[PDB]
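Heads up, the thing below is written out as structure tokens.
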Amino acid sequence: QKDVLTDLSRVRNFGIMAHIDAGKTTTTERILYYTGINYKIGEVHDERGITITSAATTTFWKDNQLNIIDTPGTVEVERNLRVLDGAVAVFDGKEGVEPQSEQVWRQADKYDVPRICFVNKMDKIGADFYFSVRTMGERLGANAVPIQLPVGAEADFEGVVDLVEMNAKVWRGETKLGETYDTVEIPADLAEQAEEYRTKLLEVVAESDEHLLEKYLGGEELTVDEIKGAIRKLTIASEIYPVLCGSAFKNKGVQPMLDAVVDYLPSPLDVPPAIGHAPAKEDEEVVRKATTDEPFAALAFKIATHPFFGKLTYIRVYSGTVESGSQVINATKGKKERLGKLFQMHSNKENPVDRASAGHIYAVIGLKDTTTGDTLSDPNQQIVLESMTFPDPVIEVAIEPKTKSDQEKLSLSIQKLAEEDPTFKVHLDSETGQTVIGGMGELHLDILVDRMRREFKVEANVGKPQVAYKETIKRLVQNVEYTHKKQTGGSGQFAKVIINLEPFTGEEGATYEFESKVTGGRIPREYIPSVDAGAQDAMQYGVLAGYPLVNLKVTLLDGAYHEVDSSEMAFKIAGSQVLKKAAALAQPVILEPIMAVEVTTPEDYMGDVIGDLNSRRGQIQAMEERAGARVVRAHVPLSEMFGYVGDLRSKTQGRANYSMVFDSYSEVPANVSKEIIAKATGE
Amino acid sequence: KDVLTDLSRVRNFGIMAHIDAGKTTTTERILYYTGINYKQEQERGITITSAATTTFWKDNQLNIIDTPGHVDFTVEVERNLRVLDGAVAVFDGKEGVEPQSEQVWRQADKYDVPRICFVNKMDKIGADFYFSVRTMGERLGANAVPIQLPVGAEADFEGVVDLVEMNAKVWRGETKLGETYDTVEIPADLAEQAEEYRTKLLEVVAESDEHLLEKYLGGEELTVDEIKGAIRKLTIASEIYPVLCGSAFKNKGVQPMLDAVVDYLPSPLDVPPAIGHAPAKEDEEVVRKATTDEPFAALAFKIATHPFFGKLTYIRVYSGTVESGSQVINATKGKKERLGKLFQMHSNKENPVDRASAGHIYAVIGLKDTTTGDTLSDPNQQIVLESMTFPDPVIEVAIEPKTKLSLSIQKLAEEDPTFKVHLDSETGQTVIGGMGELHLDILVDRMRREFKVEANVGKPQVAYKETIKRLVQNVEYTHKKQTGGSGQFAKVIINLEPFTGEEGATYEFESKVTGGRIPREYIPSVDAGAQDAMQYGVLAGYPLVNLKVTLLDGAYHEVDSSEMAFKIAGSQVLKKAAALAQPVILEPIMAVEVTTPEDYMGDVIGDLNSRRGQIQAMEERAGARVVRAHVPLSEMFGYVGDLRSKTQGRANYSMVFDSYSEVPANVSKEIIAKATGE
Ligand SMILES: Nc1nc2c(ncn2[C@@H]2O[C@H](COP(=O)(O)OP(=O)(O)O)[C@@H](O)[C@H]2O)c(=O)[nH]1
Ligand SMILES: Nc1nc2c(ncn2[C@@H]2O[C@H](COP(=O)(O)OP(=O)(O)O)[C@@H](O)[C@H]2O)c(=O)[nH]1
């Protein structure tokens, strides 16, 4: 394990995020080659092509250990950004930022993931570094700071102008795989435009630190280390995104890029510590820092089949150390696990290690009940990294497969997505064959339907998403009585029940309470729970619009029975009908899912954000300023949040991001309740 | 992937092994080799772990069963061994026979399950094939006959010597998943040791059949088919256990073992026919053969939740064939069921099938009142595959939430009919009834791992009962409460006697009223009142059983007498008559069966007698001793831990209800004192 670094400052866990056909595969291939041929030159103690096969590949660049993670490019990407400490964003110079990159960039923005940009395909016709860097501002609202400029356009691409050390690194002519660059003076053709972007970089660098601002403004020139260190601080704080260029296919620009990963991307020490919750006690927060002294905690993010080893579990260790053959707890499942062989996968070999320490990524063998997203931890000090509890779905969509083969494909999609997403719920009515999926939002459901149709090729009719409304009562209704007297064939059925129905808060979140005040055996004790079950069964339905009834307290006050005719079945009918009777007379109301929306926007677009939120019946809660940006917190009904992603992006020209969580159910306004009821009665 | 109708080409088997022995890695390799090799610089997932997985090896259908989780829960292990036709025993070459693998071996011995042995981890340092085969004889009393010999030791492990075909199958270098072997001649280093074990195998084969004994002794050499056929006969009869070796992690030896399952493990035709009983007629025996022509019979052995399909019931069909959308009867419950979609689960898909035929294992959909252990059968020829089990719980535990925040537990889940939930009303006081102390502990883990409740668990309490021993006559009670609005009146005179009943019934009500002295309108109310009072005790608050109430006389007021007043009268008169009929407390007596290693048997009988046990039999099965005894459940508390320490973890115990017996005098006073202490 001497090959695994314990100095986490010299470790970098990063991945490549890019649009498809942008060059992620070819860039990773070139990274792995250049890093191999430059490793232990004259220090090895003592044709070839690199393909990427492992989900995580470990390599070394200039005395730093680089753990590269294959980002799919969904819930899987959200997990990978937690496994990532930083990312390299690869763009196609012909197109700049593309619709796919927008989504991942905003998720990395949510989790404050430092990024550096590599504009690829600079050899191709139509590729432009300057146009592409514009699209980063226009569509991502990103402070993209070019740290280099291209030397040449289309076929004449030869290298890059280094804007930190003012020199040019050129690969002239047909460049061999792994061939180094020639360091030359900046060409005269580029001298002024280089000086313009040098000023832009120096101004950003000088404004970060007061000591350099006094130094820069005084006419003194900033040192390379001061410039380099300032860019790193800003990049790690997600303040700026350094931009590079090259041609991975033409073998131009890879080596400066690798330097940028070392120079400006964060180590396990630079990112904030891992925050999780105790196994139980979700509210209790547990924090695990990136040091071997802390208790062991690790997240499993990929399950794979190795051509030699069989089933392989990839894990990201955030804190502490564990050894091979030692027991750990799968905190997500509460089951014990024993770590088998431990590996760090290299480009062309499998490096076995004897223990799994903090800040590193490993492939584990002997795991039996660990799934992607599960947390492995010290048995004595247990942490769960992902939240285990989720509220019931608030939006539902209906899917009906077209053919009997689409039904079988839908059953293999609901199985693989269950493994990846525990947040979504599925139920199937075998009559009509209507699979209804519950989700956490319209976009969450929109993702699942797409993955069913593109990654699993289902052909089905998708319904329009329906908000999961509920019903409750606002008033106390007293001495509501119902009598069931059905004379079925032969012997009849009898049950009389008198209940008292009131709203019920639930101190700890309870939705229902049943109380029996029956005195003197007027209702036999054996029949009391049948009234409860009958009331609860009738609660499944609704008195107003057919939506479930919640926050009710049923008080069984009295009743009557015939010794022969009364049965558990009869007292369940009585409970059912009496609940429908009392709820109708107790001011029934409809409840709406309310969302806790938080929007981070620049000041200039903040007014346009609050105006949009007000139009969605939102209630503004806060107007904070965090990290030079303004954060608006508001409660918005989920019913009004349809299409927020596109509307926010249009109104704020792409510079604002948002997070939606469930908050509570609230009574629907009067004018909106009648619209809900009218639609439901017609459905 | 079609469904085979030639049941000779079918293998219903499972893997039994100690923990960390390689069950998961061997199952992984089986599923890969059977898929890619027969009917890579890669990485992928199918994320499927089915209770029963159907796969194919060389034109034979292999149905693999997941071995039960709770090894000490004897109801789960016996069910799976009934679903199994044969088993593959996986051992660690470094450790040989281990305590948990010993327990299942003796259980498989009880149920006559043919077994083959696979010595795994032969590439690990300290692994010895011959040491493991010695432990098979010393600790399992098993005629373990090696049909293979290891080629290499520890890191130099390369393959196996086949002792039937007398060749060597070697996997040289780093073996990829599914990589084939090279069949080579036995190395000279192993030629002598191979011939020694070849003679041992030939002698076992030759003594089986007289014809082969003539050929072997005559100097003629036995054919491969003759050796294979003899080993198969001996393996199916549990006379010999073939021994193999390999490395599941290093991908060496998997294909020979799959061959051994086909060659020497039993088919559905080779196992004895299914033996059951007619509903509610334990003495009447019904036999179902492994043929589609016989009436349909199937056992449900696993209930699971499918993400898309909902409830999934895994069934092992022993006899006949039934189609989708056809009705069957759940003989265990007496209710009818309609088979919905039928599935055979594969390593990477769900294969829909049109019928559930004999000798195969399926996943069923549309079942509502079928539980693990229930028997599905043709309505006309009703069979129950599992023996009758006591319904009422014998052990009770109290669970109280928190230390309302943890009322999340609804647990209306069918669970089993074995669990009964009743309320003593102390903070709700969910009291759960079970078949034993381990039974409840299994359920509590479900409530705490699958539902993560925070609760105080009580100490297990024996579910005692009460009864009467003498006849009491002319017991009268008069209910006269003059309430303001309306008064109430009811007089009843009853006769109370003990009543076992030819039908096994707990209660009998007879009315000998002569005139309309008690109106016919209120007779059923008196019966209900007596039954209500029987739920509670007269001595220590435990339910009363085996009572007969005879209503002899009474009185009524035309206005004041109601059904309620006579229910109070019937109730109070039973509490009064039972007190005067010599009430006694009854305790559940259990049929305990302990399978113990050779050495520790003596401590078992002494312990059982110290727990007020009555020894009934000792038998010798294989190399172990089986002690059967009748022991009161009250004295069996903590037996698992005491036996496991006493037998170094190598022994098995079974507890099933047997009968109720009167509690001894000094123990009756202890029970009563606690209850009166409330
Ligand atoms: N001319 C040119 N072609 C490139 C470059 N990078 C990638 N390509 C080509 O683009 C195609 C897709 O690139 P690929 O690595 O598969 O992108 P990915 O799908 O995002 O992983 C491949 O055929 C490459 O040959 C580049 O820098 N210049
Ligand atoms: N070296 C070696 N290790 C093995 C072999 N078979 C299993 N293992 C390892 O033993 C550990 C436990 O095996 P496992 O399949 O989980 O056994 P189980 O607990 O009974 O299911 C795992 O980490 C396996 O990788 C083998 O043939 N050789």
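Which of the residues that make up region B:216-252 are part of a loop (DSSP other than H, G, I, E, B), touching a helix residue (DSSP H, G or I) at 6+ places or on another chain (Cβ under 7 Å) and small (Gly, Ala, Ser)?
B:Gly246, B:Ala248
Of all residues in region A:80-139, count the ones that are of a type in the set (S, T, N, Q) and within 14 Å of ligand 1 (Cβ to nearest atom).
Kept after step one, since they are of a type in the set (S, T, N, Q), are these residues of region A:80-139: A:80, A:100-101, A:103, A:107, A:120, A:132, A:135.
If we keep only those that are within 14 Å of ligand 1 (Cβ to nearest atom) too, we end up with A:100-101, A:120, A:132.
So the answer is 4.
Which one of B:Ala194, B:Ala142 is closer than 26 Å to B:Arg106 by Cα, touching a strand residue (DSSP E or B) at 6+ places or on another chain (Cβ under 9 Å) and either of a type in the set (A, V, I, L, M) or within 14 Å of chain A (Cβ to nearest Cβ) (or both)? Steps first, please.
Working: B:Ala194 fails: closer than 26 Å to B:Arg106 by Cα.
Result of the check over B:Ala194, B:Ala142: B:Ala142.
Of the residues that make up region A:38-54, is at least one within 15 Å of ligand 1 (Cβ to nearest atom) and charged (D, E, K, R)?
Initial filter on region A:38-54 (within 15 Å of ligand 1 (Cβ to nearest atom)): A:49-53.
Of the ones still in play, those that are also charged (D, E, K, R) are none.
No, region A:38-54 has no match at all.
Which ones in region A:36-53 are more than 14 Å from every other protein chain (Cβ to nearest Cβ) and either among the aliphatic types (A, V, I, L, M) or part of a strand (DSSP E or B) (or both)? Outline the logic, then answer.
Within region A:36-53, the first condition is being more than 14 Å from every other protein chain (Cβ to nearest Cβ), and the residues that meet it are A:36-48.
Scanning region A:36-53 gives A:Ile37, A:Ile41, A:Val44.
Does any residue of region A:286-303 turn out to be closer than 14 Å to A:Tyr362 by Cβ, crowded, with 19+ Cβ neighbours inside 10 Å and within 11 Å of chain B (Cβ to nearest Cβ)?
Yes: region A:286-303 contains one or more residues that are closer than 14 Å to A:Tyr362 by Cβ, crowded, with 19+ Cβ neighbours inside 10 Å and within 11 Å of chain B (Cβ to nearest Cβ).
Taking into account only those residues within region A:331-342 that are in contact with a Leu (Cβ under 8 Å, 6 or more places away or on another chain) and away from chain B (no Cβ under 11 Å), which is nearest to ligand 2 (Cβ to nearest atom)?
A:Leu339
Does A:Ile31 satisfy the criteria of being away from ligand 2 (no atom under 16 Å from the Cβ) and more than 14 Å from every other protein chain (Cβ to nearest Cβ)? Explain how you work it out, then say what you get.
Details: away from ligand 2 (no atom under 16 Å from the Cβ): yes; more than 14 Å from every other protein chain (Cβ to nearest Cβ): yes.
Answer is yes for this residue.
Exactly one condition in (1) within 26 Å of the chain's Cα centre (by Cα); (2) within 14 Å of chain A (Cβ to nearest Cβ); (3) of a type outside the set (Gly, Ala, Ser) is not met by B:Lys250; state its number.
(1)
Only one residue in A:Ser347, A:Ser387, A:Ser405 is in contact with a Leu (Cβ under 8 Å, 6 or more places away or on another chain), surrounded by fewer than 22 Cβ atoms within 10 Å (Cβ to Cβ) and among the hydroxyl-bearing types (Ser, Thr, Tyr). Which one? Give the steps one after another, and end with the answer.
On the way: A:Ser387 fails: in contact with a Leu (Cβ under 8 Å, 6 or more places away or on another chain); A:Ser405 fails: in contact with a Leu (Cβ under 8 Å, 6 or more places away or on another chain).
None of the others qualify; the one that does is A:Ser347.
How many residues are crowded, with 18+ Cβ neighbours inside 10 Å and either aromatic (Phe, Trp, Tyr) or in a loop (DSSP other than H, G, I, E, B) (or both) if we restrict to region A:532-544? I'd like the intermediate steps shown before the answer.
If we filter region A:532-544 for residues that are crowded, with 18+ Cβ neighbours inside 10 Å, which is where we start, we get A:532, A:534-536, A:538-539, A:542-544.
Right, trim to either aromatic (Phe, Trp, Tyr) or in a loop (DSSP other than H, G, I, E, B) (or both) and you get A:542-544.
Matching residues across region A:532-544 total 3.
When B:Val364 is evaluated against the numbered criteria (1) surrounded by fewer than 21 Cβ atoms within 10 Å (Cβ to Cβ); (2) under 23 Å from A:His427 (Cβ atoms); (3) in contact with a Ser or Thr (Cβ under 9 Å, 6 or more places away or on another chain), which criterion, by number, is the only one it fails?
B:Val364 satisfies every listed condition except (1).
Where residues in region A:10-26 are among the polar types (S, T, N, Q) and within 7 Å of ligand 1 (Cβ to nearest atom), which of them is nearest to the other protein chains (Cβ to nearest Cβ)?
Here is the first cut: in region A:10-26, the residues among the polar types (S, T, N, Q) are A:13, A:25-26.
Among the residues that remain, those that are also within 7 Å of ligand 1 (Cβ to nearest atom) are: A:25-26.
Numbers: A:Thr25: 14, A:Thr26: 18 Å.
Of everything passing the filter in region A:10-26, A:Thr25 is nearest to the other protein chains (Cβ to nearest Cβ).
Here is a list: B:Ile19, B:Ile36, B:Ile46. Which entry is within 16 Å of ligand 2 (Cβ to nearest atom) and among the hydrophobic types (A, V, I, L, M, F, W, C)?
On the way: B:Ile36 fails: within 16 Å of ligand 2 (Cβ to nearest atom); B:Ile46 fails: within 16 Å of ligand 2 (Cβ to nearest atom).
None of the other options fit; the residue is B:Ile19.
Within region A:233-260, which residues are closer than 13 Å to A:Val164 by Cβ and surrounded by fewer than 20 Cβ atoms within 10 Å (Cβ to Cβ)?
A:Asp259, the sole residue that qualifies.
Any residue that is away from ligand 2 (no atom under 16 Å from the Cβ), crowded, with 19+ Cβ neighbours inside 10 Å and over 17 Å from A:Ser9 (Cβ atoms) - is there at least one of those in region A:261-271?
No, that holds for no residue.
Of all the residues that make up region A:384-414, how many are more than 13 Å from chain B (Cβ to nearest Cβ) and basic (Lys, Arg)?
Of the residues in that region, 1 qualify.
Which ones in region A:131-158 are within 37 Å of the chain's Cα centre (by Cα) and small (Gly, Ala, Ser)?
Within region A:131-158, the first condition is being within 37 Å of the chain's Cα centre (by Cα), and the residues that meet it are A:131-150.
Scanning region A:131-158 gives A:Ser132, A:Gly137, A:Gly141, A:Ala142, A:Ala144.
Of the residues B:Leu244, B:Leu258, only one is out of contact with any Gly (no Cβ under 8 Å at 6 or more places or on another chain), within 16 Å of ligand 2 (Cβ to nearest atom) and closer than 25 Å to B:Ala87 by Cβ; which?
Values: B:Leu244 fails: out of contact with any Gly (no Cβ under 8 Å at 6 or more places or on another chain).
Criteria check complete, one pass: B:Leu258.
Report those helices (runs of 4 or more DSSP H) wholly inside region B:549-647 carrying at least 1 residues which are on the phi < 0 side of the Ramachandran plot and outside the structural domain of B:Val526 (by CATH). Before the answer, list the steps.
Values: elements: B:563-579, B:601-610, B:639-646.
Those helices (runs of 4 or more DSSP H) span B:601-610, B:639-646.
Residues that are in a strand (DSSP E or B) and either touching a helix residue (DSSP H, G or I) at 6+ places or on another chain (Cβ under 9 Å) or within 12 Å of chain B (Cβ to nearest Cβ) (or both): does region A:364-383 have at least one? Steps first, answer last, please.
Going through region A:364-383, the residues in a strand (DSSP E or B) turn out to be A:364, A:375-377.
Narrowing further to those that are either touching a helix residue (DSSP H, G or I) at 6+ places or on another chain (Cβ under 9 Å) or within 12 Å of chain B (Cβ to nearest Cβ) (or both): none.
Looking for residues that are in a strand (DSSP E or B) and either touching a helix residue (DSSP H, G or I) at 6+ places or on another chain (Cβ under 9 Å) or within 12 Å of chain B (Cβ to nearest Cβ) (or both), one finds none in region A:364-383, hence no.
Going by the structure shown, is A:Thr35 of a type in the set (S, T, N, Q), more than 15 Å from ligand 1 (Cβ to nearest atom), touching a helix residue (DSSP H, G or I) at 6+ places or on another chain (Cβ under 8 Å) and over 23 Å from A:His360 (Cβ atoms)? Write out each step before concluding.
On the way: of a type in the set (S, T, N, Q): yes; more than 15 Å from ligand 1 (Cβ to nearest atom): yes; touching a helix residue (DSSP H, G or I) at 6+ places or on another chain (Cβ under 8 Å): yes; over 23 Å from A:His360 (Cβ atoms): no.
For A:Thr35, the condition - of a type in the set (S, T, N, Q), more than 15 Å from ligand 1 (Cβ to nearest atom), touching a helix residue (DSSP H, G or I) at 6+ places or on another chain (Cβ under 8 Å) and over 23 Å from A:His360 (Cβ atoms) - is not met.
Determine whether region A:62-74 contains at least one residue that is more than 16 Å from ligand 2 (Cβ to nearest atom), in contact with an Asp or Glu (Cβ under 8 Å, 6 or more places away or on another chain) and over 17 Å from A:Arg115 (Cβ atoms). Working first, answer last.
We begin by selecting, within region A:62-74, every residue more than 16 Å from ligand 2 (Cβ to nearest atom); these are A:62-74.
Now restrict to residues that are in contact with an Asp or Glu (Cβ under 8 Å, 6 or more places away or on another chain): A:62, A:74.
If we keep only those that are over 17 Å from A:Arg115 (Cβ atoms) too, we end up with A:62, A:74.
Yes, region A:62-74 contains a residue that is more than 16 Å from ligand 2 (Cβ to nearest atom), in contact with an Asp or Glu (Cβ under 8 Å, 6 or more places away or on another chain) and over 17 Å from A:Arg115 (Cβ atoms).
Methodologically, a virtual Cβ is constructed for each residue, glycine included, from the backbone with ideal geometry; neighbour enumeration extends over all protein chains shown. All of this is worked out from the model, or read from it or from the source named; no laboratory read-out is quoted.
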